[PDB]
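The listed protein sequences derive, respectively, from chains D, A and F.
Note that PDB author numbering has the first sequence beginning at 1, numbered continuously upward.
Note that PDB author numbering has the second sequence beginning at 1, numbered continuously upward.
Just so we're aligned: the third sequence equals residues 291 to 425, 432 to 449, 492 to 523 in PDB author numbering.
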Amino acid sequence: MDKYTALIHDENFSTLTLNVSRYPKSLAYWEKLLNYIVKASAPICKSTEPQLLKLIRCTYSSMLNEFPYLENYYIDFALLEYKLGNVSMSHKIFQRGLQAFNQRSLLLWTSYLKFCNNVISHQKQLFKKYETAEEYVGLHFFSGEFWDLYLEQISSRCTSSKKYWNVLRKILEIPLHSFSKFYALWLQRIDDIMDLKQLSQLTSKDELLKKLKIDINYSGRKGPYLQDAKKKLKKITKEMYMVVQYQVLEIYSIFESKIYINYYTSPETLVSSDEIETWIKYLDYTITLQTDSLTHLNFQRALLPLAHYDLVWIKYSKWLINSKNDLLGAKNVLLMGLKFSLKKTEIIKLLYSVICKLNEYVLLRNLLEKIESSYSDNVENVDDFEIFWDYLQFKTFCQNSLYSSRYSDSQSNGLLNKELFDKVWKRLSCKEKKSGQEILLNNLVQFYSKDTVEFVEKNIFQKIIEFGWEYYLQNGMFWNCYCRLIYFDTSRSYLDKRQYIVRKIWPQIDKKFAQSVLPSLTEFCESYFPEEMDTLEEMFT
Amino acid sequence: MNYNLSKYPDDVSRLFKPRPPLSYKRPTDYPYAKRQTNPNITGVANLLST
Amino acid sequence: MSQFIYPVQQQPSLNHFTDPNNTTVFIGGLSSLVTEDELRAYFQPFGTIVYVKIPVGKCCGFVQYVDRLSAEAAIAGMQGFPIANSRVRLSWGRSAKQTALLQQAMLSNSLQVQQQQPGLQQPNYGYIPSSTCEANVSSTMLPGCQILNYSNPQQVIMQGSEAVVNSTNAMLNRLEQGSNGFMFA
RNA sequence: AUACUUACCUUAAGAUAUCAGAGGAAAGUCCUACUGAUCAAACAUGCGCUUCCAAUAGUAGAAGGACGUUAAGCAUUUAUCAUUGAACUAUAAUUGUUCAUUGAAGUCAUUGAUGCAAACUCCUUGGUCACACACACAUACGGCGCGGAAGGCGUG
RNA sequence: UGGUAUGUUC
């Protein structure tokens, strides 16, 4: 047998593979399984077993579907595909990894350009990749290493040397962590100017004559005139340095000193509360500055330690809603936040409402169908009530709009529809195992019309009476909601409803339950029936 | 140039930094398999009569 | 020596404005018709509140949040909002004991030195800052969920899935009961 | 530095201008601070030899670049192969057309490539020398100032 | 009668 079959009949490959297959999201299992596979190929070469190489590519690519933000493994899968020889697949792995991060990542752009340098060999296109990298990641606080790459490529390839000045003048205004280095390059590269015509490298001719009073066409003794010119340009650089030093020292001292973790780890890692607080404040600072490249970069840069939380998926969505006025942008942010975050309830709530504002109701129907399908057409039985209740509100909006009303005065039947009322009754029938009983009753009360009040009274109030469910009968909120259903009927007159509540409803409750029911029922009575407050107190003592 | 296969220290090997890689240009000659002088060298005996 | 050196800067002498840890908010311009519970109802949703107090007659109040983040959301959120017909001026202030110490130092005019408000003791992993809980838990502590929180007054309780019920539940209470008059706040 | 220890080596030959004439050690060899003729090199040295050497009386220009911009300029042209299922046109095993599936490779590019053309910006280079601001010339044009660069030819 | 190389001792 070959090295592949010796690998596939190993005892360890069964357990490592099988632990990954049991626990897909835990990632120490994926890393042990992958390290073992790669190590059992003693030397990776162009002649190692093609079944074994196909097994390696399947392992890394499935891990990069499960955990799309691991930057270092996109780089490692690209370098492995380089060593095997085909630089085209390694191009596609770097571009796939850049795509996972919406183009906005410094490590992947830095490594993709250090790679690209060797293998492009077409100069206009190699430089167009640096001009693409610079618009997405160029304003990063740690982006000095990118600009070193761009400047060394310019200084080797270009013959003219105007492009170096034109790039370095832009770099002079970015508040980078290593901003001084490029000020020192500009100062040395000014200091080596050896005549007047070189000063047209720096800026334009007219700006020198008008703003700084330097004439390049000055014919005369040109020595001291040049020393005066260099003194003036060193002063204008001093003021620009002073601005950028204020920016950089402010950003470092408040915010960037405080963040310690800059990279995605695994869906099971926690972040300290300090870093959550300074990421929230640092995003607020960035949004104030109003540089949109830099706000998008800083949200993407902030999703790395805390992709799986959801406070920044919500926050980035809100910034797109109200500060940029963009709802399709915010839908795409929240929709992508479903993939990452573990909580998902606040995102689904806000995404339902973003879709409803975007007038795309069929997508809302599909998300409601996927949430009822995810619980096996049985959302009524979910332990966590917030899923069921948000589902049910937006499903009711779709349902009132979809089926015309059955009751008078165009009173849209919300929970009184045979599809929805069966879910509500099926959750009411579990009585203590489920969580959200009083909220569900308390929203069923709100109909206020004679036809609607009669249906709600007969189906949930009379029926839980006659079944004798002790949970609902001992509970004060049940009786309070029933009295409040009848009392706010616009149909019944005052004597009718007071007659009904005191004479029909209040005898029905048992006297053993008085110690449980009388706190709430008194609170109804004093609020609306001060006159009958003796009767109640007499009925239960 | 992260590494050095040379005998020199790193500072000396940075001095031997090469030019950028050569650009690619499409060939104007014959591919190596198609190279041949003349085949169909015609015969010498036809001259001898006339 | 070398052309690159680390920057060095002077300290700004520690009052209540330059303290990075300060979580208490001076609300000024209070209307003298507004109680402590009514002001708690204004400044509650921005965070969990260690204490709320109003000086007798002094037309100003204090709100001490647990987080710095919560307090800054308060000052940005309620600035010049008219609490009972008078616009309200919010700023950083100090506590009660620190105020008593500054007044006794203001009579003797001796030093007027402040000290720094305590910090949490970083790193804390369970806590998501600026998040509130109102009232048998088997928590798995997975990261999106909120493992830990501060009890409303004071204790440390673990948030559950069930708490999003309880808040909603209590919400309907003060829509009903406070409508009739049983809490003005 | 010395010294000592090892390890690796310790070789293609031959020649130094040619032709002719006189001499010395019948054929040839060798040699001659011998003699002619040719050749080659160096160094001096000349030719009415030939070509080239930038405004300041002005804001220029000449030669060569750009791995420079306008620029996604303007005009054309390109972006896989096999297997299986389905509809489909049809003279047709289903040749044509569309959709999906398995396998195989696969430089990046399409804002590319190729064709055409123009403007602009900028780099390096030079006697930016001296006397002149001049009416010339058919044998067509004093090549009758000092240098420099490069060759052609001649002499010693 | 040699050369380069190596490492030890002083």
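Heads up, the beta-carbon is just placed ideally off N, CA and C, and yes, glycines get one too.
Would you please state the rounded distance, in angstroms, between the beta carbons of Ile93(D) and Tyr74(D)? I believe it to be under 8 Å.
Locating residue 93(D) in the first sequence gives position 93, where the first residue counts as 1. Locating residue 74(D) in the first sequence gives position 74, where the first residue counts as 1. 6 Å between Cβ atoms; contact.
Thinking C-alpha only, which one of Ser447(F), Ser435(F), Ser505(F) and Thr308(F) is nearest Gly498(F)?
Position 160 of the third sequence, counted from the first residue, corresponds to residue 498(F). Here the closest residue by C-alpha is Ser435(F).
Step through the CB atoms of chain D and report whether any lies within less than 8 Å of the CB of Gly337(F).
Locating residue 337(F) in the third sequence gives position 47, where the first residue counts as 1. No, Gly337(F) does not count as interfacial toward chain D.
Taking C-alpha atoms, which residue in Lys25(D), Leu52(D) and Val119(D) lies nearest to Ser23(A)?
Residue mapping note: residue 23(A) aligns to position 23 of the second sequence, counting from 1. Considering only alpha carbons, the answer is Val119(D).
Along the chain, which unbroken stretches of the alpha helix (DSSP H) at least 4 residues long are found entirely within the segment 25-58 of chain D?
Those alpha helix (DSSP H) runs which fall completely within the segment 25-58 of chain D and span 4+ residues are 28-39.
In chain A, what lies closer than 9 Å to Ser121(D) by C-beta?
The sequence position of residue 121(D) within the first sequence is 121, counting from 1. Within chain A, the residues near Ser121(D) are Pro20, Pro21, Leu22, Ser23 and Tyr24.
If you follow the beta strand (DSSP E) that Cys350(F) is part of, which residue opens it and which one closes it?
Within the third sequence, residue 350(F) is the residue found at index 60, counting from 1. Residues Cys350 to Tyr355.
Can you list the alpha helix (DSSP H) stretches of 4 or more residues lying completely in the segment 202-290 of chain D, in chain order?
Taking only runs of at least 4 residues, the alpha helix (DSSP H) segments lying wholly in the segment 202-290 of chain D are 223-251 and 273-289.
With respect to the beta strand (DSSP E) encompassing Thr314(F), which residues constitute its N-terminal and C-terminal limits?
Numbered from its first residue, the third sequence carries residue 314(F) at position 24. Run containing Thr314(F): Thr314 to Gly318, per the beta strand (DSSP E) assignment.
Apply the 10 Å Cβ neighbour rule to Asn475(D) and answer buried if 16 or more other Cβ atoms are within range, or exposed otherwise.
Position 475 of the first sequence, counted from the first residue, corresponds to residue 475(D). Counting Cβ neighbours within 10 Å, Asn475(D) comes out buried, since at least 16 surround it.
Here's the rule: buried if 16 or more other CB atoms are within 10 angstroms of the residue's CB, otherwise exposed. What is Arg377(F)?
For the purposes of this step, residue 377(F) is taken as residue 87 along the third sequence, with counting starting at 1. Per the 10 Å Cβ criterion, exposed.
Can you give me the Cβ contacts of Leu209(D) inside the same chain, cut-off strictly under 7 Å, excluding the 5 residues immediately before and after it?
To locate residue 209(D), count along the first sequence from 1; it is residue 209. So the list reads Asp215, once near-sequence residues are dropped.
Along the alpha helix (DSSP H) that carries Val312(D), what are the first and last residues, could you check?
For this step, residue 312(D) is matched to residue 312 along the first sequence. That run of the alpha helix (DSSP H) goes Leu311 to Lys318.
I need the boundaries of the alpha helix (DSSP H) containing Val12(A), first residue and last residue.
Residue 12(A) sits at position 12 when you count from the first residue of the second sequence. Start and end: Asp10 to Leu15.
Counting only Cβ pairs nearer than 8 Å, list the residues of chain D close to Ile495(F).
The count along the third sequence starts at 1 and reaches residue 495(F) at position 157. Residues of chain D passing the Cβ test: none, with the nearest at roughly 16 Å.
For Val517(D), name the three-state secondary structure that DSSP assigns.
To locate residue 517(D), count along the first sequence from 1; it is residue 517. Helix, per DSSP.
Using the beta-carbon count (16 or more within 10 Å), is residue 555(D) buried or exposed?
Only positions 1 to 541 of chain D appear in the structure, and residue 555(D) is not among them; the question remains open.
Any C-beta of chain A sitting closer than 8 Å to the C-beta of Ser156(D)?
Working through the first sequence from its first residue, we reach residue 156(D) at position 156. Yes, contact with chain A.
May I have the straight-line CA-CA distance separating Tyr487(D) from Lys395(D), to the nearest angstrom?
By 1-based counting over the first sequence, the position of residue 487(D) is 487. By 1-based counting over the first sequence, the position of residue 395(D) is 395. Their Cα atoms are separated by approximately 29 Å.
At least one CB of chain D closer than 8 Å to the CB of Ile344(F): is that the case?
Here residue 344(F) refers to the residue found at position 54 of the third sequence. By this cut-off, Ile344(F) is not an interface position.
Helix, strand or coil for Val340(F)? Go by DSSP, reduced to three states.
Within the third sequence, numbered from 1, the residue matching residue 340(F) stands at position 50. Correct three-state label for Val340(F): strand.
Please go through the segment 62-126 of chain D and give each complete alpha helix (DSSP H) segment of 4 or more residues, from N-terminal end onward.
Correct list: 71-83, 87-100 and 106-119.
Here's the rule I'm using: 16 or more other beta-carbon atoms within 10 Å means buried, otherwise exposed. How should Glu135(D) be labelled?
Position 135 of the first sequence, counted from the start, is the residue given in the question as residue 135(D). The residue is exposed, with fewer than 16 neighbouring Cβ atoms inside 10 Å.
Please confirm if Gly138(D) has its CB atom under 8 Å from at least one CB of chain F.
As a first step, residue 138(D) must be located in the first sequence, where it is residue number 138. Closer than 8 Å: no.
By the criterion of Cβ-Cβ separation under 9 Å, what are the contact partners of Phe385(D) in chain F?
Counting from 1 along the first sequence, the entry for residue 385(D) is found at position 385. Ordered by position in chain F, the residues that pass the 9 Å Cβ test against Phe385(D) are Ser499, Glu500, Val502, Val503 and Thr506.
Sort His140(D), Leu212(D), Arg492(D) and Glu538(D) by Cα distance to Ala514(D) and report the nearest one.
For this step, residue 514(D) is matched to residue 514 along the first sequence. The candidate whose alpha carbon is nearest that of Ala514(D) is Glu538(D).
May I ask which residues mark the beginning and end of the beta strand (DSSP E) holding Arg379(F)?
As a working mapping, residue 379(F) is identified with position 89 in the third sequence. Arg379 to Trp382 is the extent of the beta strand (DSSP E) around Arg379(F).
Have a look at the DSSP bridge pairing and note the partners of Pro297(F).
The sequence position of residue 297(F) within the third sequence is 7, counting from 1. Paired residues: none, contrary to the question.
Consider the Cβ of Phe352(F): report whether some Cβ of chain D lies at a distance smaller than 8 Å.
Sequence index remark: in the third sequence, residue 352(F) carries index 62 (1-based). For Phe352(F), the answer is no, since every Cβ of chain D falls outside 8 Å of its Cβ.
Could you check what DSSP says for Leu444(F) in three-state terms: helix, strand or coil?
Within the third sequence, residue 444(F) is the residue found at index 148, counting from 1. Strand at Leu444(F).
Would you mind telling me which residues of chain F sit closer than 7 Å to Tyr309(D), beta carbon to beta carbon, in chain order?
Within the first sequence, numbered from 1, the residue matching residue 309(D) stands at position 309. Ordered by position in chain F, the residues that pass the 7 Å Cβ test against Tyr309(D) are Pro439 and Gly440.
Using three-state DSSP, classify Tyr528(D) as helix, strand or coil.
Counting from one through the first sequence, the residue named residue 528(D) turns up at place 528. It is helical.
Identify the contact partners of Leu304(F) in chain D, using a Cβ-Cβ distance below 8 Å as the criterion.
Locating residue 304(F) in the third sequence gives position 14, counting from the first residue. In chain order: nothing, as chain D lies at least about 16 Å away.
Below 7 Å between beta carbons is the criterion; list the residues of the segment 413-447 of chain D that meet it against any residue of chain F, in chain order.
Hits within the stretch, in order: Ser435, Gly436, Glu438, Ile439 and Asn442.
Apart from the five residues on each side of it in sequence, which residues of its chain come closer than 7 Å, Cβ to Cβ, to residue 579(D)?
Absent from the model: residue 579(D). The displayed extent of chain D is 1 to 541, so no value can be given.
Output the distance between the C-alpha atoms of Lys213(D) and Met242(D), rounded to the nearest integer angstrom.
Within the first sequence, numbered from 1, the residue matching residue 213(D) stands at position 213. Within the first sequence, numbered from 1, the residue matching residue 242(D) stands at position 242. Their backbone Cα atoms lie some 23 Å apart in a straight line.
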